[PDB]
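Participant: Mind having a look at this structure? Questions to follow.
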Amino acid sequence: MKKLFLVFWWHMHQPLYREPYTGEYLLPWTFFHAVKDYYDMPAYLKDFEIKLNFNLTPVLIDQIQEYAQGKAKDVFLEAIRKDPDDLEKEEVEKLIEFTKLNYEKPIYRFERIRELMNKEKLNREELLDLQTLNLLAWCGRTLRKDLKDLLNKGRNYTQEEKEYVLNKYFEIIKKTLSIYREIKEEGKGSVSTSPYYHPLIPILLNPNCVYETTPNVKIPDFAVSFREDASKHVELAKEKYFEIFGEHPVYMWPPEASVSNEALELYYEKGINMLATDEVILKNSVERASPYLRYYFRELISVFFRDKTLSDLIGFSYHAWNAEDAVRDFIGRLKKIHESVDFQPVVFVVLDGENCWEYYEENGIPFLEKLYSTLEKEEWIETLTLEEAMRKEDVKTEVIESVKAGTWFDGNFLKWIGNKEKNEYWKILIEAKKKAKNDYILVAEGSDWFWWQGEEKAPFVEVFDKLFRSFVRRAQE
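For the sequence shown, the entry's author numbering begins at 1 and goes up steadily by one.
Laid out in structure tokens, this is it:
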């Protein structure tokens, strides 16, 4: 039986939202994705006999732990917790602004929410319903079974009921990292990490890599070397991973899939046996290649190239489809891969495993359950872990000697560096690096601060600016 080997690799990450001075989490994104996706995404492995793999950034692990110990001073979460009689006019306007942001998402389809947003002024019981429905909207698959009566109520929520939800949600956060241990040890999946604060490792090692694919861009003058800090990102990522899982990682997901000959060298020197990247990178690097192979980079490291169209379909396309149609198309694509090649192909599906489901019907539960049950049924599809794909001798291997430096965003670094706006943050970083004293300069090297710079007016940009300028200034003291 000729087989298609399928590898799913969900990448979980949130940048550090904890402002160093006040210690307050300025954005509740870590919390809301932790109750909705971070626990429940690996939890499918208990219900379905398939293999699934997960990447966890160390910075996200720090924030998950802080909430699980009851230490995060989350300013928005404190507003939900409060009795509505306590809320200031600015706390209420914040709770409305958040609801307006998520209004069109299918996980906010409540008839009550439709009514509050059309109301003029909200009373204490109406604010209670708004506080509580904002919590229930981000209910993961596990708790959507336990809070069926609360979710069926839809309206008229009391303060003790709202507290009951919050207690269930925090129990989920305390459970999150354990279920990653459990699935790793029972062999249902592999777990990788990324460099600590999710930086663009290629730019840190050699900023001239931006010119491999875009030879005319104007990047700032790098009067300091980011080469040791890039080593710290890997070196500390391995120790944080050691803390949770009790062993060094050998698999790593490069942030934003960014690779280079210099970065692939650095990963190998840190004991990384395997990493993956985009197949657009493969097209730029090798001549007439197929992403369905295992690749030996210079006989040092193993590289895999994700099937870009398949991963893009899940992350950006299937949300507007019926679940049955989405899975049927997906399997139909896999069938065409199985016949287009003369060998047993491997298909890597890598994408962010938290951000696409809020736009899905029922938070992607029908699609995910339909897909996982379907893959279980298909005899010819064998889902693998990262370790299994490493040992798999049915997969054809080829050697390559170089790669073009780029990311899974068009194969270049234009989304983070380039024009004057993206470059202003880098100049701020370099001058801070010049006078840097502590490791907060590592936090300022995260890709997320340079992604959100001035491309198009986006939600809570003022917060990402306030946070990046905070770490930069904290690193100089």
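From the three backbone atoms N, C-alpha and C, an ideal C-beta is built for every residue, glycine too.
1) Please determine if the stretch 188–208 and the stretch 160–168 are in contact, where contact requires at least 3 C-beta pairs separated by less than 8 Å.
2) Give a yes or no on whether the C-beta atoms belonging to residue 324 and residue 270 are separated by under 8 Å.
3) Which residue from 139, 85, 439 puts its Cα closest to that of residue 122?
4) Once the 5 residues before and after residue 266 are set aside, which same chain residues still bring their CB inside 8 Å of it?
5) Helix or strand or just coil, what does DSSP make of residue 438?
6) Should the stretch 336–344 be regarded as contacting the stretch 35–50, the criterion being three or more beta carbon pairs within less than 8 Å?
7) What do you get for residue 458, buried or exposed, if any count of 16 or more other CB atoms within 10 angstroms of its CB means buried?
8) Mind checking residue 306: buried by the 16 CB within 10 Å criterion, or exposed?
9) May I ask which residues mark the beginning and end of the alpha helix (DSSP H) holding residue 29?
10) Please say whether residue 429 and residue 444 have beta carbons closer to each other than 8 Å?
11) Taking 8 Å as the threshold (C-beta atoms), are residue 261 and residue 402 in contact?
12) Report buried or exposed for residue 317, applying the criterion of at least 16 other Cβ atoms within 10 angstroms of its Cβ.
13) So, at 7 Å on beta carbons, what are the nonlocal neighbours of residue 20 in its own chain, with the 5 sequence-adjacent residues on each side left out?
14) Can you find at least 3 beta carbon pairs, one from the stretch 106–114 and one from the stretch 350–368, that sit closer than 8 Å?
15) Does the stretch 139–146 come into contact with the stretch 380–398, if we say contact requires no fewer than three beta-carbon pairs (one atom in each stretch) closer than 8 Å?
16) Determine the extent of the beta strand (DSSP E) in which residue 400 is found, giving its start and end residues.
17) Among 68, 47, 53, 94, which one has its Cα closest to the Cα of residue 35?
18) Where does residue 23 land, buried or exposed, given buried means 16+ other C-beta within 10 angstroms?
19) Rounding to the nearest angstrom, what Cα-Cα distance links residue 322 and residue 423 in this structure?
20) So, helix, strand or coil for residue 479, using DSSP?
21) Less than 8 Å between the CB atoms is what I'm expecting for residue 51 and residue 388, so what's the real figure, rounded?
22) The alpha helix (DSSP H) spanning residue 231 covers which residue range?
23) Pull up the distance between the alpha-carbon of residue 427 and that of residue 2, whole angstroms please.
24) Ignoring anything shorter than 3 residues, give me the beta strand (DSSP E) runs that lie fully in the stretch 353–403, in order along the chain.
Facilitator: Checking against the coordinates, here is how it stands:
1) no
2) The Cβ atoms of residue 324 and residue 270 do not sit closer than 8 Å to each other.
3) 85
4) 201, 205, 230, 231, 234
5) coil
6) Cβ pair count under 8 Å is below three, so no.
7) It counts as exposed.
8) buried
9) 29–33
10) yes
11) Yes, these two residues count as a Cβ contact at 8 Å.
12) In summary, residue 317 is exposed, with fewer than 16 beta-carbon neighbours lying within 10 Å of its beta-carbon over all protein chains present.
13) 440, 470, 471, 474
14) yes
15) no
16) 397–400
17) 68
18) exposed
19) 42 Å
20) Nothing about residue 479 can be read from this structure; the chain reaches only from 1 to 477.
21) 7 Å
22) Annotation for residue 231: the continuous alpha helix (DSSP H) segment containing it runs 227–245.
23) 54 Å
24) 381–383, 397–400
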